[PDB]
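Ligands are counted one by one from 1 in listed order, and the atoms in each one are counted from 1 as well. The figures here come from the full heavy-atom set of this structure, side chains too, leaving out hydrogens, waters and symmetry mates. Every chain is numbered from 1, with letters handed out A, B, ... down the list of sequences.
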Amino acid sequence: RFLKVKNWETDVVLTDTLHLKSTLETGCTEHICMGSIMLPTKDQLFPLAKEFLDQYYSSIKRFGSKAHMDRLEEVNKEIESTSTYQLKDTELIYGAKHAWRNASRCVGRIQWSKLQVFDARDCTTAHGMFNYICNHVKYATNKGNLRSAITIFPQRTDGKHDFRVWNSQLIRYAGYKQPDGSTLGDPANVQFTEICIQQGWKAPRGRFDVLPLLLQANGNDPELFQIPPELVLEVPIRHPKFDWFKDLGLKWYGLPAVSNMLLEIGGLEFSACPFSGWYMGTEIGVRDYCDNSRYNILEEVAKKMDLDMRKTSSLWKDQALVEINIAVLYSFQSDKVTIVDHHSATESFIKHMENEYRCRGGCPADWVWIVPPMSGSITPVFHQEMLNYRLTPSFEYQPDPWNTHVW
Amino acid sequence: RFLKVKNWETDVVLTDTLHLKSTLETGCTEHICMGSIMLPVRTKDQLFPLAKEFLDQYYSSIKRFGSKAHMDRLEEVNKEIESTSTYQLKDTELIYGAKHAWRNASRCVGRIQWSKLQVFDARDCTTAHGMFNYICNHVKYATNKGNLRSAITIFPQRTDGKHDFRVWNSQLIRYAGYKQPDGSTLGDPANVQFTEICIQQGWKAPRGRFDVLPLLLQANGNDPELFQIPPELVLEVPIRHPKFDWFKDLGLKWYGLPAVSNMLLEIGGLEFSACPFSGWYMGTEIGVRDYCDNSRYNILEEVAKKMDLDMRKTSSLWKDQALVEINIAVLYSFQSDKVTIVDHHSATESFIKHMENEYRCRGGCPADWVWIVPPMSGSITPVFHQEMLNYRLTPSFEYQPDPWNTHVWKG
Ligand code: HEM
Ligand code: HEM
Ligand SMILES: Cc1cc(N)nc(C[C@H]2CNC[C@H]2OCCNCC(F)(F)[C@H]2CCCCN2)c1
Ligand SMILES: Cc1cc(N)nc(C[C@H]2CNC[C@H]2OCCNCC(F)(F)[C@H]2CCCCN2)c1
Ligand SMILES: C[C@H](O)[C@H](O)[C@H]1CNc2nc(N)[nH]c(=O)c2N1
Ligand SMILES: C[C@H](O)[C@H](O)[C@H]1CNc2nc(N)[nH]c(=O)c2N1
Ligand SMILES: [Zn+2]
């Protein structure tokens, strides 16, 4: 019931009680651990509302006050009559910050309380959504000095009037299947790109075409919009020592901005809630560039470095990997676009865990996602035991809309 | 029930039925995942079911389930339990059991090899001197002048828990660590406590950076005794780098034989508390963990100094750069001296083939992702992208408390 986590590098032992407040289920049982699996009414709504308002009023040191009781009464009345309820602005901001705070897969949570929340609940159309999104993008980008932001569109009603951003991230590159058999651009985006073409987009058919937004308002058919190119900050990738690196013609975008998740606050569901921060270098240099099923560039780079690609044991992959990641960080730093390296981010996350343990009694964390995809054990998170559990408010996965939407 | 795992790189989906045969508990619940937690005297009543389950597995494996030989063996074991409160494994069953504990070891990436394991039966051993002799022979056999062979040596099983056989070393071959009055450590900081115990027991410590520790051996619940493995039996590799000629001048070496000696082997409810086993290294175990962990030899700074990397900010990735070079040096050095070693690319690629084969032939392969994914370059190995299911099958290798914490000293 009281649980210990140990750091094996420093011998620091922390005690977790926060897990006892966990509500949702992990996927694991006493017989089987699913830690490495990627995706493991009026009646229902009032307990959820109560649980949330209780933590909210506790958070502002007003638990059991008349203002607390009054709101609980007000929301109860609203559900009983309308079958749903509306969050106060203060509750919305609190819930959004807390969904990030509770995101057990996020290494960047030291920043959780510094989050700009844009209330787009008054939005009614896809053009409205586009306006809101451009404003988010411009605000967050801030000419390279990135600021965390979330934009919150109207909540689920009867589930037939959902707001959705069809894109997986606000900014991503198109992927195209070639007569050749291979793939031009980002292979992850092939299907979404086809949907864009199918709905009318004119693809420029290049390696790095910023996708258009496909926005769905009020459960209507989604529409296409090109983000003003001048709001999409991109970084050409060069190496501080290798002059040939630029010849690879690599670039990435500055703003990471997840648009396909569902924000759950007090039982209310916000199916369109794009949010953004700033990159950790490895996300681009390790995953986007080096995953076999992504831009998969390790072979080309290794060749340009004239490494012995005969045997895996020359560690040519590992050598090229480091250089690619040096280039990513260098290019972002040189163009003054906020980025964090994996040493710095993991060091911050350990300090954040320690703060959360002393001030909240714990910190849910998914070791499988928190440990960076390169150089695991030379980062402090590798040696840190973590307990993974699901607290609410939360960000959740949801089915891709095209599998669900009726035209 | 069926459970599916997906590889996110290849889209290969596998289906696990084997998890239905799992009995032991994980540490996890529906409400909490303990997947990153390092560590999450039996009655007759509890013993016969464990024996029965094991012997049913064994007899099925040899295609003799329900045969007369099967039934007679159950009757014979049952009778032995009721009469003596325990039982003895046949040689065939011990071999099968030891191979299966390895097959079932979900934290082991090296399991493609599980069916080639030399089993040394040391259940006739009675004294610490006897244990020393067994262990010397295992080391010599396993080492095989650099052409490493997997082996396990199995000492007598637990009886009342008061007569345990224990190897006190965590690994058969390890370097001493000494804490200096100024707070610095000479040698391996992981082995300081154990080194102090050895010194107290009368070991004459040379006090260098790579002193092979003496064996500390407990037979029959008696006080343990010290023995020096003959140096000619301890194969070592000096570490050098193929391009960096200054690398040799760091003065690094490592031993060739990784041999875990502190785990408990459970077969059919019997407990083998001394069962040292050995294989061969994956390069990262030395180049990443032993050399570069902050709490181990911690060589990253000195290596990056000598490479003249920009060390003023972490974002130059100097640590990542030095890490790859050290690991190249380890593979180069072992290969040049013809001592078996496997790189983390080859090892993980082989593990995925093993895992797929295990799914086809056995209905599953329990695997602990946290441990299987190498401690450098994780996502450029295929295991990073492989979903895995972790559960506990018997026979098994288990952790056990360190014997200095529990031993009743006789004097
Ligand atoms: C400020 C800088 C931030 C950094 C450096 C950062 C870091 C990261 C990283 C490295 C990941 C793993 C992503 C992957 O491997 O695909 C991640 C995941 C995640 N982060 Fe952050 N984050 C930041 C801001 C945010 C913000 C502002 C939010 C929400 C308000 C957020 C919520 C999440 C969630 C829900 C995940 C899991 C995504 C998924 O499961 O696919 N993070 N974070
Ligand atoms: C033949 C070559 C082998 C290779 C390359 C190999 C590889 C590894 C590696 C890299 C680890 C993780 C070690 C760590 O990070 O501490 C490991 C763990 C383990 N292996 Fe192997 N292994 C081999 C043979 C064996 C053998 C012969 C056995 C027993 C018969 C075995 C059983 C285990 C067990 C029980 C663990 C978990 C140890 C723990 O929890 O501390 N392996 N293996
Ligand atoms: C807000 C924020 C800041 C930051 N630095 N980084 C992020 C993660 C973003 C960027 N870089 C990766 C992307 O994360 C996107 C979410 N990943 C999930 C997935 F893509 F793996 C899918 C694949 C198919 C089905 C299962 N899950 C967010
Ligand atoms: C048989 C075999 C072959 C191989 N390549 N590699 C091995 C693991 C050995 C070697 N290289 C590391 C060591 O593994 C020993 C087990 N390590 C775990 C530990 F020591 F950190 C403690 C911490 C506390 C909790 C319990 N375990 C075995
Ligand atoms: C199967 C496994 O869970 C999968 O490859 C995970 C591993 N760790 C990860 N970690 C992060 N941060 N992001 C990811 O997409 C993944 N993928
Ligand atoms: C806390 C965490 O589980 C611990 O550091 C683990 C992580 N993965 C590991 N993986 C291997 N192979 N060996 C280890 O010692 C560890 N340590
Ligand atoms: Zn689990």
Taking 4.0 angstrom as the limit and counting only heavy atoms of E285(B), give me the atoms of ligand 2 inside it, by number and element.
10 (C), 13 (C)
Which atoms of ligand 2 sit under 4.0 Å from any heavy atom of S150(B)?
1 (C)
What atoms of ligand 5 come within less than 4.0 Å of a heavy atom belonging to [X]?
X       : result
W369(B) : 2 (C), 7 (C)
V368(A) : 3 (O), 7 (C), 8 (N), 9 (C), 10 (N)
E387(B) : 1 (C)

Test salt bridge (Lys or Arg N to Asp or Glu O under 4.0 Å) applied to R123(B) and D91(B), step by step:
CA-CA 10 Å; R123(B) 296 170 297 167; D91(B) 293 352; 2.9 Å; yes
The protein heavy atom nearest to atom 11 (C) of ligand 2 is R107(B) O, 4.2 Å
Closest to atom 7 (C) of ligand 2 among protein heavy atoms sits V109(B) CG1, 3.8 Å
Does at least one non-hydrogen atom of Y399(B) fall below 4.0 angstrom from an atom of ligand 2?
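A heavy atom of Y399(B) does come that close to ligand 2.
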When you compare ligand 2 with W280(B), is there at least one nitrogen or oxygen pair between them that comes in under 3.5 angstrom?
no
Tell me yes or no: between the side chains of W252(A) and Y173(A), is some donor less than 3.5 Å from an acceptor?
no
Just to be sure I read this right, does ligand 2 sit under 4.0 Å from the backbone of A151(B), its side chain, both, or neither, counting only heavy atoms?
neither
